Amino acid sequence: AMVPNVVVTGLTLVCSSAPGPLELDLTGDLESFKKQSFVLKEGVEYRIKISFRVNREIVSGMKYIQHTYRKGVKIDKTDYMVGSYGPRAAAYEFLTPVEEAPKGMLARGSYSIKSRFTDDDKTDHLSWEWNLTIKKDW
């Protein structure tokens, strides 16, 4: 019953050329995301923003992991060192480095992403799955 130390609250696909916000509420029904997808125009630059809270004590070596799949096969594993933070009221926002969506007919279509937010103790702070669809246009 003790309040949880880490609460992961949001994922945002940050892309200033997108026509509207691309956001997941990670305190909600995570299974529903598997039936949804964000559309990104091919070749565009974007970042991922993970929003989280630390409530009671220092967290060491937070890490964000994304495994990307296409048609059921894992095509990439990337880890990000999110860092170490004390408790505070205000949200923390971590951003991945800018990347470019792939482009071309071969690369277009849907991708599924398995995300995990962890730390030096390998605690599963939250794991979730979401989808991206790469299209010629928005």
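Quick note: we count residues from 1 along the sequence shown, nothing fancier.
Between 45-53 and 73-81, it is 73-81 that carries the larger average Cα temperature factor according to the deposited entry. Of the two segments examined, 14-22 and 123-131, it is 14-22 that shows the higher average Cα temperature factor in the deposited entry. Between the residues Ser60, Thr27, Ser32, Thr68, the entry's highest C-alpha temperature factor is the one at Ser32.
Of the candidates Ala89, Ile113, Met105, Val39, the one whose C-alpha carries the top B factor in the deposited record is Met105. Ranked by C-alpha B-factor against the other modelled residues of its chain, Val8 falls in the lowest third.
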